[PDB]
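The structure appears right after this line, and notes come after that.
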Amino acid sequence: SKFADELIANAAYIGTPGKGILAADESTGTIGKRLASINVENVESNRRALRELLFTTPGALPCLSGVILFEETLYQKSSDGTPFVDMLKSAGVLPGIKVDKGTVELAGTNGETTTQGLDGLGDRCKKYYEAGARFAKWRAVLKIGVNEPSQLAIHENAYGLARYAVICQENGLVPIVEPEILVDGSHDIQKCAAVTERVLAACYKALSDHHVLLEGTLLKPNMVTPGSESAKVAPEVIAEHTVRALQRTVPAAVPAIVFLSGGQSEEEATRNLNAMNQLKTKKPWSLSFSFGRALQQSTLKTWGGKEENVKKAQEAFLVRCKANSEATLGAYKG
Amino acid sequence: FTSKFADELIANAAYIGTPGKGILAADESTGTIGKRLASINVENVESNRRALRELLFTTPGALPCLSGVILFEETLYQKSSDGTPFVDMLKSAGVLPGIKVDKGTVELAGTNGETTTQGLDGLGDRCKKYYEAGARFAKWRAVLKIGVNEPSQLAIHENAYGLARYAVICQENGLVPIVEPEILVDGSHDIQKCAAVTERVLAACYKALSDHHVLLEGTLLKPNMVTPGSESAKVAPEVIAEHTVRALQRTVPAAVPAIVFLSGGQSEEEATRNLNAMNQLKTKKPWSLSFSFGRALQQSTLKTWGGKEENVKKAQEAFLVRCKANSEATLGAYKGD
Amino acid sequence: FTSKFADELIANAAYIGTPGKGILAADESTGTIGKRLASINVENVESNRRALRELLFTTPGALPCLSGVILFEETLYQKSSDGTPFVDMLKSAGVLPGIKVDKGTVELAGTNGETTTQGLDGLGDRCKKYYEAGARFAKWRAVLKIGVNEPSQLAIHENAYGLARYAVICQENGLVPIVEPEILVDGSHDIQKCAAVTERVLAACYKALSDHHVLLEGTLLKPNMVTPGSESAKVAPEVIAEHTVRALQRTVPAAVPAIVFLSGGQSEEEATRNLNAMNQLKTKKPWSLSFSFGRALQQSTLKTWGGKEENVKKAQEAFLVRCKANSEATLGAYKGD
Amino acid sequence: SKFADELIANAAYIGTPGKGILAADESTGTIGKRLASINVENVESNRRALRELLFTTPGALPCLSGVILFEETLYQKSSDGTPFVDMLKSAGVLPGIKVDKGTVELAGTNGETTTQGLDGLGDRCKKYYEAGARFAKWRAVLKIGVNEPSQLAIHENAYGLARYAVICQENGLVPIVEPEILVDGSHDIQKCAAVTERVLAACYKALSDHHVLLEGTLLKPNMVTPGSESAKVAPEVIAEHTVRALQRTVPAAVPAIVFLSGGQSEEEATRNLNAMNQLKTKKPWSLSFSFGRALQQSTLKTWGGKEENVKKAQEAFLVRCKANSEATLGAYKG
Ligand code: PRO
Ligand code: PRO
């Protein structure tokens, strides 16, 4: 691309040790569910207030290399008139943009999906770049079952990610490739390992067929864990299976892997990331975080209303930011 | 994947291929029909777009030659001048309304101007709304070119799987999908090369359709005929027939009921003669060989029409000629003109 | 890829599918024919292997029912008791000699007992030597199973591409390749499942054959009929016919001249009745539907034969019955027995 | 496999810094061409003598983690009655075994090949393991042209390597996967980079579909170079394009990459390897050597006859061994 050098610089930067990505890219719908989750009306006034609370948290932006925004938020102003994107860039945080248009179910499968949003994506990306966005997000969802994920599901999601990745790079956004394997079910960690290995290898083959510049991409995978209905397992076990799965599939050329939290609690996500960064083994990428819920849940709770609870919630948000920052360095302690 | 429309998809796809009938492609965009409308000094206003299509559809004796008409979005909701909805006009004559659903092409990075086709986003809800509007089949055009290194494996793959996913969403919402992998004529290659490329592309298309669990008996194919490139010597209909049918024999399952050829670069008479010769070829052909012609059905009608509505009756005479000729061509019974 | 044998491959593959004829599969290994020879208390010596095959080939009135006989290596160079080379015996009656060329199956690591087929190494020189010996077609058996997660994508791929490479080497050396993706009956699945799996496998096979540039008009297909699993209720011939032919309609190009069904688990009468019903089904079938039967042609002949050569004439009577019945079956003209 | 742990240990060992692989696996035919190349009759007496000269070279076996043998040589004795395989194991060198049965041309391509040898390979491998072999070699050949390598050539060679790899591991031999892209032609280094990237990515996708244990494999690729008819280029340029190509395609899980020399002279091979080991960049595998001709050519010349020329040729063989050893550490100087 004409953006090759800037894609490569920004993707490397996202992976800076001690930093990760906040996912604040919840739709008007999803952020509603979260806003109701603590008895708050889903009005733009409140959507604005929640995101502003996060971004004006005293020690927080230094812990973040990136923030994923929803379209609305990319053009939104803080209360003092400052555009959020300026607020982010002042602190050295790259603004990112969710570009996928949700999932739809594949006929002839058992509730497996493919992700939409290729239509007019190049012109959207260009407009987002002009607005200050420098990376993009697109989520593919795959499930684990008797015959899942199917060859059709894998293929659709891999090549859908690969085509999205190309359009992103043509328009100056570093694509986060996010093939999330859902944790839901009763499978063991070994099964999650095999499936994760299969999916990533299909994804990197797809990315190669599409001539994607790997040094200008990011990966946002699931950690390798037992299913949501299976026994929890220690961080050192998650670490060992996750890192081995990535060693088997993700080229060195990729600069950074920013884990999604999935089912995990705030503390579990942090402890799991931390253990991966304590593992003495070849890891030719930054292992960092791209958390929404695992970074925000305690902050939403403390907040609820406003005023006295802003300062206490900003304290709570800083705790999680600083903990995950520590986790990227293998230096988190309880 | 059974669709809830399986029975109606199968019946309608079979119907399109009724011997003695074919498809009029009147689905050209606001842009393309402009180029055609300017081509005879006519301003591209919806009043004129409406008038051209009305002229075609109200041609006495024409609709009986047509199993289907592909419409552009605008035309699907358009009324004739007398207040008759075009879709009603079509259904009264037994013609199935169809709908172009693709959203154009875009270039693939890292290739030499090869394209992929857009339009999967929100296609299911569009298809459903089109079904409610009277449409019973759909069209999506993938474009492939012939070159030194073309079509590339990436171009083939993107277009095949894009067609396959489109085909599924169509069937889920009750539209028979026309699968249209057009290989463009541009270049200096011979007919043998066009044969090899067409064989490669169709085989990739039917593999993709299988991986997507598409009901083949509820689909249609709209391929290019096999021809020499645009810069090469034109060749007789018997030769086009022999290479085209052999290419289809090698790739298109019997389960597919009808193959409705696109005209592409061809003149009206050349298209008809080519189709006719395919239906005179004594060989296993487990599908109807018919037509889905835009240019090759409309060119002489646009010429005689020109502008004012006292050229209408002479142009409707000219449109009937081409309809009747192509009808004859589906039966191997066309006798020159 | 044009072979220097293209014309002869096309003629011979077409011939195999002559209405009223089919293939005897007498290509069972030294091991398998042992199991059959023990099955009636006969020592597996080459003298007896020779005697069984001689009995078949010298059956008065049998060879006219056969377009082809598949031979094992040993049998291709064997002489009858009167000094007549079997291959000459076959060619005098217009029967093409064929040759099994695969070297058995081996299990795939990381699967649940799925196999891939061996024999590509040195196959071209073997094929050439077999052609020189009088063979004009070849056989290679891939085995796929139906299970919870079977057949796996790896099993399909390995067997499809193994068939495709084999097919090419065959054609380069003048043998029409019989492509034989046998899906085994074992299990409790219903006929619908067998249909879906058979559709998947054949589509992968024809994709592989296309990628390898195989001349389809110079190939044959030897698939399983579509049936319920071995543990499920047997079903009427009309039902086998309808699911089998639909599966073939969805996958096998018209360019393929003949589909010669393997018998698999089926009894003699069941095989014949099943084939017969397929030829009574009024539908697009752009290939000969015929037979390539081993077990289903030989079982009752082995029984009446048993041992000593005064059971020969009664067994040759029994072999003629099955030959004539299957011949009738290719024409849809079998009338029970 | 039942050999998983030993495959992983031996593959890691081949990549020991300061060591590489001698390819002495020339057929009765090929070693003839080499033996005639210096006016020597191709008799077993002489075949025996040449290999013995190499293996009894004073400082040489310590420079080698592996020696690839032909079948004949695996059972051959030295002149003093010592089995070569014992001679190798005493010095800590793993015996390896060429298992492919040559190439054949693919119909409908322009002289592209596929490699034979899957038939009865498991029983061969088992017998070779029993004989002391602990790794295996199989060579796929791909060419660069207008339409080459073709999708058919890539596929056949990738999946042929993947199936060979599996059988090897089932029987305790670490498979060297060798997709050599021939240097022949007028293409530039950028073209060789693109083709090498395409081929390796197809190979690792094939290996994943076949469930190959990557930690128990080796890769033997071409270095990335301009074609044989193009201008030679400096080692630092070969290094930069080669390593980038490997970063884009070869998983970290693979322990070692042992380069084939291809067209290169003895000194050019060494200088090129050396430069790759001087490159400061993520390289999650050993970069070492698997040289036949680039290790042997000067030794064959000095030798010719025997006697006075043995000791001078052993001096010449030690020079090349020590130089390539230095090259694996980035410590070679002229
Ligand atoms: O897996 C994740 O990271 C998503 C983001 C929003 C909450 N959970
Ligand atoms: O590329 C190589 O390493 C081969 C081995 C023998 C000489 N040349």
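Chain identifiers are assigned as A, B, and so on, following the order in which chains appear in the structure tokens; residues are numbered from 1 within each chain, and ligands are numbered from 1 in order of appearance.
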Could you pull the residues within 12 Å of residue 318 in chain B, counting only C-alpha atoms, minus those fewer than 6 positions along the same chain, as a list in words?
-> residues 55, 56, 59, 60, 61, 62, 268, 297, 298, 299, 300, 301, 302, 303, 304, 305, 311, 312, 324, 325 and 337 of chain B
Output the selection as a PDB file, in the first residue's frame - N, CA, C and O atoms for each residue.
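Output contents, as saved in selection_26.pdb:
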ATOM      1  N   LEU B  55     -41.752  -0.185 -23.626  1.00  0.00           N
ATOM      2  CA  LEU B  55     -41.713  -0.532 -25.036  1.00  0.00           C
ATOM      3  C   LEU B  55     -41.439  -2.034 -25.222  1.00  0.00           C
ATOM      4  O   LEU B  55     -42.105  -2.703 -26.004  1.00  0.00           O
ATOM      5  N   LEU B  56     -40.444  -2.548 -24.506  1.00  0.00           N
ATOM      6  CA  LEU B  56     -40.096  -3.954 -24.570  1.00  0.00           C
ATOM      7  C   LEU B  56     -41.273  -4.808 -24.089  1.00  0.00           C
ATOM      8  O   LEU B  56     -41.711  -5.710 -24.813  1.00  0.00           O
ATOM      9  N   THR B  59     -44.636  -5.026 -26.058  1.00  0.00           N
ATOM     10  CA  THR B  59     -44.481  -5.542 -27.441  1.00  0.00           C
ATOM     11  C   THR B  59     -45.429  -6.726 -27.627  1.00  0.00           C
ATOM     12  O   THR B  59     -45.273  -7.772 -27.006  1.00  0.00           O
ATOM     13  N   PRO B  60     -46.451  -6.611 -28.495  1.00  0.00           N
ATOM     14  CA  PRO B  60     -47.353  -7.732 -28.773  1.00  0.00           C
ATOM     15  C   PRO B  60     -46.576  -8.935 -29.333  1.00  0.00           C
ATOM     16  O   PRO B  60     -45.746  -8.772 -30.249  1.00  0.00           O
ATOM     17  N   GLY B  61     -46.803 -10.105 -28.727  1.00  0.00           N
ATOM     18  CA  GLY B  61     -46.205 -11.363 -29.189  1.00  0.00           C
ATOM     19  C   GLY B  61     -44.820 -11.646 -28.612  1.00  0.00           C
ATOM     20  O   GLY B  61     -44.275 -12.700 -28.855  1.00  0.00           O
ATOM     21  N   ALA B  62     -44.285 -10.742 -27.776  1.00  0.00           N
ATOM     22  CA  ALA B  62     -42.912 -10.878 -27.261  1.00  0.00           C
ATOM     23  C   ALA B  62     -42.877 -11.711 -25.969  1.00  0.00           C
ATOM     24  O   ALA B  62     -42.038 -12.610 -25.834  1.00  0.00           O
ATOM     25  N   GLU B 268     -26.757  -9.193 -32.373  1.00  0.00           N
ATOM     26  CA  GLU B 268     -28.023  -9.852 -32.246  1.00  0.00           C
ATOM     27  C   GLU B 268     -28.022 -11.168 -33.039  1.00  0.00           C
ATOM     28  O   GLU B 268     -28.342 -12.210 -32.473  1.00  0.00           O
ATOM     29  N   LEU B 297     -30.650  -8.682 -27.573  1.00  0.00           N
ATOM     30  CA  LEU B 297     -32.098  -8.705 -27.716  1.00  0.00           C
ATOM     31  C   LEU B 297     -32.641  -7.296 -27.988  1.00  0.00           C
ATOM     32  O   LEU B 297     -33.764  -7.168 -28.518  1.00  0.00           O
ATOM     33  N   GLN B 298     -31.856  -6.267 -27.631  1.00  0.00           N
ATOM     34  CA  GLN B 298     -32.329  -4.870 -27.496  1.00  0.00           C
ATOM     35  C   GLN B 298     -31.734  -3.922 -28.559  1.00  0.00           C
ATOM     36  O   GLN B 298     -32.352  -2.912 -28.825  1.00  0.00           O
ATOM     37  N   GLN B 299     -30.557  -4.225 -29.128  1.00  0.00           N
ATOM     38  CA  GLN B 299     -29.751  -3.257 -29.906  1.00  0.00           C
ATOM     39  C   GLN B 299     -30.568  -2.650 -31.066  1.00  0.00           C
ATOM     40  O   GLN B 299     -30.704  -1.442 -31.168  1.00  0.00           O
ATOM     41  N   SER B 300     -31.102  -3.498 -31.942  1.00  0.00           N
ATOM     42  CA  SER B 300     -31.853  -3.047 -33.110  1.00  0.00           C
ATOM     43  C   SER B 300     -33.156  -2.376 -32.661  1.00  0.00           C
ATOM     44  O   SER B 300     -33.627  -1.458 -33.365  1.00  0.00           O
ATOM     45  N   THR B 301     -33.702  -2.751 -31.494  1.00  0.00           N
ATOM     46  CA  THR B 301     -34.942  -2.133 -31.009  1.00  0.00           C
ATOM     47  C   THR B 301     -34.675  -0.691 -30.550  1.00  0.00           C
ATOM     48  O   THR B 301     -35.490   0.192 -30.803  1.00  0.00           O
ATOM     49  N   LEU B 302     -33.536  -0.469 -29.895  1.00  0.00           N
ATOM     50  CA  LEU B 302     -33.103   0.868 -29.466  1.00  0.00           C
ATOM     51  C   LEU B 302     -32.889   1.778 -30.686  1.00  0.00           C
ATOM     52  O   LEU B 302     -33.265   2.933 -30.664  1.00  0.00           O
ATOM     53  N   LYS B 303     -32.240   1.242 -31.727  1.00  0.00           N
ATOM     54  CA  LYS B 303     -31.990   1.948 -32.986  1.00  0.00           C
ATOM     55  C   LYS B 303     -33.326   2.376 -33.602  1.00  0.00           C
ATOM     56  O   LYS B 303     -33.529   3.566 -33.816  1.00  0.00           O
ATOM     57  N   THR B 304     -34.236   1.430 -33.869  1.00  0.00           N
ATOM     58  CA  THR B 304     -35.449   1.865 -34.598  1.00  0.00           C
ATOM     59  C   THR B 304     -36.240   2.845 -33.713  1.00  0.00           C
ATOM     60  O   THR B 304     -36.844   3.771 -34.232  1.00  0.00           O
ATOM     61  N   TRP B 305     -36.160   2.697 -32.388  1.00  0.00           N
ATOM     62  CA  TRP B 305     -36.935   3.526 -31.444  1.00  0.00           C
ATOM     63  C   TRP B 305     -36.450   4.988 -31.449  1.00  0.00           C
ATOM     64  O   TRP B 305     -37.200   5.913 -31.783  1.00  0.00           O
ATOM     65  N   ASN B 311     -42.100   5.921 -33.437  1.00  0.00           N
ATOM     66  CA  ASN B 311     -41.128   4.866 -33.752  1.00  0.00           C
ATOM     67  C   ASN B 311     -41.349   3.628 -32.869  1.00  0.00           C
ATOM     68  O   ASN B 311     -40.637   2.618 -33.010  1.00  0.00           O
ATOM     69  N   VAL B 312     -42.305   3.721 -31.935  1.00  0.00           N
ATOM     70  CA  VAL B 312     -42.613   2.637 -31.013  1.00  0.00           C
ATOM     71  C   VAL B 312     -43.053   1.406 -31.810  1.00  0.00           C
ATOM     72  O   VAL B 312     -42.461   0.358 -31.631  1.00  0.00           O
ATOM     73  N   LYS B 324     -38.665 -13.784 -31.287  1.00  0.00           N
ATOM     74  CA  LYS B 324     -39.122 -14.973 -32.018  1.00  0.00           C
ATOM     75  C   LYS B 324     -37.923 -15.782 -32.524  1.00  0.00           C
ATOM     76  O   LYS B 324     -37.934 -17.011 -32.475  1.00  0.00           O
ATOM     77  N   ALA B 325     -36.879 -15.084 -32.977  1.00  0.00           N
ATOM     78  CA  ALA B 325     -35.664 -15.709 -33.464  1.00  0.00           C
ATOM     79  C   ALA B 325     -34.952 -16.475 -32.336  1.00  0.00           C
ATOM     80  O   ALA B 325     -34.524 -17.604 -32.528  1.00  0.00           O
ATOM     81  N   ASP B 337     -31.987 -14.806 -40.991  1.00  0.00           N
ATOM     82  CA  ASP B 337     -32.724 -13.505 -40.934  1.00  0.00           C
ATOM     83  C   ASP B 337     -31.777 -12.387 -41.395  1.00  0.00           C
ATOM     84  O   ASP B 337     -32.108 -11.596 -42.290  1.00  0.00           O
TER      85      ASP B 337
END
Would you list the residues that come within 10 Å of ligand 1? Count only C-alpha atoms and all ligand atoms and give the answer as a ChimeraX atom specification.
-> /A:21-26,30-31,34,68,139,178,180-182,220-223,258-264,269,289-297
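Every residue of range 95-235 of chain C found in strand (DSSP E) when DSSP is run on the backbone appears here: residues 96, 97, 98, 99, 100, 105, 106, 107, 115, 116, 117, 137, 138, 139, 140, 141, 142, 143, 144, 176, 177, 178, 179, 180, 181, 182, 183, 220 and 221 of chain C.
Distance check against chain A using only C-alpha atoms: of D:157, D:39, D:1, D:286, the minimum falls on D:286.
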Residues within 12 Å of residue 125 in chain B, only C-alpha atoms, excluding chain neighbours under 2 positions, as a ChimeraX atom specification | /A:104 /B:101,119-123,127-132,169-170,172-174
Expected answer as a list in words: alpha helix (DSSP H) residues in range 55-86 of chain B | residues 55, 56, 57, 73, 74, 75, 76 and 86 of chain B
Go ahead and write the selection's residues with C-alpha atoms as a short mmCIF file (atom, residue, chain, number, x, y, z; two decimals), in the first residue's frame.
data_model
loop_
_atom_site.label_atom_id
_atom_site.label_comp_id
_atom_site.auth_asym_id
_atom_site.auth_seq_id
_atom_site.Cartn_x
_atom_site.Cartn_y
_atom_site.Cartn_z
CA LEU B 55 -41.71 -0.53 -25.04
CA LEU B 56 -40.10 -3.95 -24.57
CA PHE B 57 -42.70 -5.42 -22.18
CA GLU B 73 -34.35 -2.37 -8.65
CA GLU B 74 -35.97 0.79 -10.07
CA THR B 75 -37.85 -1.17 -12.77
CA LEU B 76 -39.19 -3.79 -10.33
CA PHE B 86 -44.58 -4.11 -14.81
#
Work out how far apart CA of residue 328 in chain B and CA of residue 313 in chain B are and give it in Å to one decimal.
->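 Separation of CA of residue 328 in chain B and CA of residue 313 in chain B: 22.5 Å.
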Fewer than 4 positions away in the same chain doesn't count, so skip those; otherwise give me all residues within 10 Å of range 46-59 of chain D, counting only C-alpha atoms, as a ChimeraX atom specification.
-> /D:22,24-26,28,31-32,35,40-42,63,67,69,72-73,76-79,84,87-88,91,296,299-300,303-306,310-311,313-319,321-322
Output file for the selection above: C-alpha atoms, as a PDB file, in the first residue's frame:
ATOM      1  CA  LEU D  22      26.156 -32.984   5.548  1.00  0.00           C
ATOM      2  CA  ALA D  24      26.099 -37.443   1.450  1.00  0.00           C
ATOM      3  CA  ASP D  25      22.879 -39.082   0.075  1.00  0.00           C
ATOM      4  CA  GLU D  26      23.827 -39.199  -3.616  1.00  0.00           C
ATOM      5  CA  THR D  28      24.652 -44.843  -7.166  1.00  0.00           C
ATOM      6  CA  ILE D  31      27.708 -40.142  -6.980  1.00  0.00           C
ATOM      7  CA  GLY D  32      28.894 -41.705 -10.263  1.00  0.00           C
ATOM      8  CA  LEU D  35      33.117 -39.714  -9.173  1.00  0.00           C
ATOM      9  CA  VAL D  40      37.084 -42.202 -10.776  1.00  0.00           C
ATOM     10  CA  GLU D  41      35.220 -45.417 -11.657  1.00  0.00           C
ATOM     11  CA  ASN D  42      31.839 -45.724  -9.914  1.00  0.00           C
ATOM     12  CA  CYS D  63      30.692 -29.536  12.966  1.00  0.00           C
ATOM     13  CA  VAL D  67      24.625 -36.676   7.862  1.00  0.00           C
ATOM     14  CA  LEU D  69      22.934 -41.126   3.788  1.00  0.00           C
ATOM     15  CA  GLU D  72      23.658 -48.400   0.444  1.00  0.00           C
ATOM     16  CA  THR D  73      25.754 -46.203   2.758  1.00  0.00           C
ATOM     17  CA  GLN D  76      28.148 -49.850   4.611  1.00  0.00           C
ATOM     18  CA  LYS D  77      31.230 -50.498   6.746  1.00  0.00           C
ATOM     19  CA  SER D  78      34.433 -48.425   6.925  1.00  0.00           C
ATOM     20  CA  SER D  79      37.727 -50.135   5.971  1.00  0.00           C
ATOM     21  CA  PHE D  84      29.390 -45.794   9.392  1.00  0.00           C
ATOM     22  CA  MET D  87      31.103 -43.858  13.494  1.00  0.00           C
ATOM     23  CA  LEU D  88      28.490 -41.079  13.258  1.00  0.00           C
ATOM     24  CA  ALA D  91      30.725 -38.256  17.311  1.00  0.00           C
ATOM     25  CA  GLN D 296      32.186 -31.548  -0.784  1.00  0.00           C
ATOM     26  CA  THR D 299      37.304 -32.046  -1.212  1.00  0.00           C
ATOM     27  CA  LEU D 300      36.484 -34.140  -4.339  1.00  0.00           C
ATOM     28  CA  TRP D 303      41.206 -36.015  -3.495  1.00  0.00           C
ATOM     29  CA  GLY D 304      40.962 -37.497  -7.023  1.00  0.00           C
ATOM     30  CA  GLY D 305      43.114 -40.597  -6.488  1.00  0.00           C
ATOM     31  CA  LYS D 306      44.088 -41.419  -2.878  1.00  0.00           C
ATOM     32  CA  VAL D 310      43.564 -38.054   1.288  1.00  0.00           C
ATOM     33  CA  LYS D 311      45.280 -35.924   3.982  1.00  0.00           C
ATOM     34  CA  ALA D 313      41.440 -33.344   1.007  1.00  0.00           C
ATOM     35  CA  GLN D 314      40.583 -34.008   4.647  1.00  0.00           C
ATOM     36  CA  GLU D 315      42.253 -30.622   5.313  1.00  0.00           C
ATOM     37  CA  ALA D 316      39.993 -29.135   2.629  1.00  0.00           C
ATOM     38  CA  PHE D 317      36.857 -30.825   4.046  1.00  0.00           C
ATOM     39  CA  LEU D 318      37.610 -29.570   7.569  1.00  0.00           C
ATOM     40  CA  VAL D 319      37.969 -25.992   6.168  1.00  0.00           C
ATOM     41  CA  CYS D 321      32.913 -27.812   7.823  1.00  0.00           C
ATOM     42  CA  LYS D 322      34.547 -25.267  10.209  1.00  0.00           C
TER      43      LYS D 322
END
Kindly determine which residues of chain A lie within 7 Å of chain D, considering only C-alpha atoms, and give the answer as a list in words.
->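 Written out as asked, the residues are residues 201, 205, 247, 248, 249, 250, 251, 252, 253, 282 and 284 of chain A.
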Residue selection dump (C-alpha atoms) as a PDB file, in the first residue's frame:
ATOM      1  CA  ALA A 201      -3.666 -21.913  10.122  1.00  0.00           C
ATOM      2  CA  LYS A 205      -3.282 -19.362   4.564  1.00  0.00           C
ATOM      3  CA  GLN A 247       3.795 -21.055  17.997  1.00  0.00           C
ATOM      4  CA  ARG A 248       2.227 -23.559  15.591  1.00  0.00           C
ATOM      5  CA  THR A 249       0.327 -21.131  13.437  1.00  0.00           C
ATOM      6  CA  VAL A 250       1.026 -17.343  13.711  1.00  0.00           C
ATOM      7  CA  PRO A 251       4.026 -16.133  11.620  1.00  0.00           C
ATOM      8  CA  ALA A 252       6.834 -14.165  13.379  1.00  0.00           C
ATOM      9  CA  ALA A 253       6.064 -11.410  10.865  1.00  0.00           C
ATOM     10  CA  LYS A 282      10.118 -18.551  21.541  1.00  0.00           C
ATOM     11  CA  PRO A 284       8.066 -13.735  18.148  1.00  0.00           C
TER      12      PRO A 284
END
Selection near residue 93 in chain D, 7 Å with only C-alpha atoms, sequence-local residues under 3 positions removed, as a PyMOL selection string | chain D and resi 61+64-67+88-89
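Interatomic distance, CA of residue 256 in chain D to CA of residue 190 in chain D: 23.9 Å.
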What lies within 7 Å of residue 106 in chain C using only C-alpha atoms, ignoring chain neighbours under 3 positions off, as a list in words?
->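 After dropping sequence-adjacent residues, the list is residues 115, 116 and 117 of chain C.
Using only C-alpha atoms, the shortest contact distance between chain C and any of A:97, A:152, A:142, A:118 is found at A:152.
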Selection near range 92-99 of chain B, 7 Å with only C-alpha atoms, sequence-local residues under 5 positions removed, as a list in words =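 Skipping anything fewer than 5 positions along the chain leaves residues 63, 64, 66, 67, 68, 69, 70, 71, 72, 73, 87, 134, 135, 136, 137, 138 and 139 of chain B.
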Next, write the just-selected residues to a file, as a compact mmCIF listing (two decimals), in the first residue's frame, keeping N, CA and C atoms as the atom set.
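result08.txt, freshly written:
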# COMPACT_ATOMS: atom_id res chain seq x y z
N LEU B 63 -43.76 -11.39 -25.02
CA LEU B 63 -43.73 -12.02 -23.70
C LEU B 63 -43.83 -13.55 -23.78
N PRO B 64 -44.66 -14.15 -24.67
CA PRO B 64 -44.66 -15.60 -24.90
C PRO B 64 -43.33 -16.30 -25.23
N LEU B 66 -40.62 -15.39 -23.71
CA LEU B 66 -39.80 -15.15 -22.53
C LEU B 66 -40.36 -15.92 -21.32
N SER B 67 -39.49 -16.73 -20.70
CA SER B 67 -39.75 -17.37 -19.42
C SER B 67 -39.44 -16.42 -18.25
N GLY B 68 -38.57 -15.43 -18.49
CA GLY B 68 -38.11 -14.52 -17.45
C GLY B 68 -37.68 -13.18 -18.00
N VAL B 69 -37.79 -12.14 -17.16
CA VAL B 69 -37.20 -10.82 -17.45
C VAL B 69 -36.39 -10.41 -16.21
N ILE B 70 -35.08 -10.15 -16.37
CA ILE B 70 -34.28 -9.59 -15.27
C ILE B 70 -34.48 -8.07 -15.24
N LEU B 71 -34.89 -7.56 -14.07
CA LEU B 71 -35.14 -6.17 -13.82
C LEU B 71 -34.07 -5.59 -12.90
N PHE B 72 -33.80 -4.30 -13.08
CA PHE B 72 -33.05 -3.49 -12.14
C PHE B 72 -34.04 -3.05 -11.04
N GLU B 73 -33.53 -2.70 -9.86
CA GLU B 73 -34.35 -2.37 -8.65
C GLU B 73 -35.47 -1.39 -9.03
N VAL B 87 -44.44 -5.80 -13.06
CA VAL B 87 -44.40 -7.19 -12.56
C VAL B 87 -45.74 -7.89 -12.84
N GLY B 134 -42.68 -9.50 -6.03
CA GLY B 134 -43.06 -10.36 -7.18
C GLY B 134 -41.87 -11.03 -7.86
N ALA B 135 -40.65 -10.79 -7.39
CA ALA B 135 -39.48 -11.40 -8.01
C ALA B 135 -39.38 -12.85 -7.58
N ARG B 136 -39.00 -13.74 -8.50
CA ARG B 136 -38.91 -15.15 -8.21
C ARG B 136 -37.54 -15.70 -8.63
N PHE B 137 -36.70 -14.88 -9.25
CA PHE B 137 -35.28 -15.24 -9.49
C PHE B 137 -34.38 -14.02 -9.38
N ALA B 138 -33.08 -14.29 -9.28
CA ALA B 138 -32.13 -13.26 -8.96
C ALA B 138 -30.92 -13.41 -9.87
N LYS B 139 -30.13 -12.34 -9.98
CA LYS B 139 -28.95 -12.33 -10.78
C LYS B 139 -27.81 -11.64 -10.04
I'd like a table as CSV: residues in chain C with an atom no more than 12 Å from chain A, each row giving the shortest atom pair and its distance in Å to one decimal, only C-alpha atoms counted, sorted by chain and rising residue number.
residue,atom,partner,partner_atom,distance
C:110,CA,A:194,CA,11.6
C:147,CA,A:147,CA,11.1
C:148,CA,A:146,CA,7.9
C:149,CA,A:147,CA,6.6
C:150,CA,A:147,CA,9.8
C:151,CA,A:147,CA,11.5
C:152,CA,A:151,CA,10.1
C:153,CA,A:151,CA,8.0
C:154,CA,A:151,CA,11.1
C:196,CA,A:108,CA,11.6
Quick one: which residues from chain C are at most 12 Å off chain B, using only C-alpha atoms, as a PyMOL selection string?
-> chain C and resi 1+153+196-219+245-257+283-288
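From CA of residue 241 in chain B back to CA of residue 281 in chain B, the distance works out to 7.3 Å.
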Residue nearest ligand 2 among D:160, D:226, D:179, D:216 (counting only C-alpha atoms and all ligand atoms) =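 When distances to ligand 2 are compared using only C-alpha atoms and all ligand atoms, the smallest one comes from D:179.
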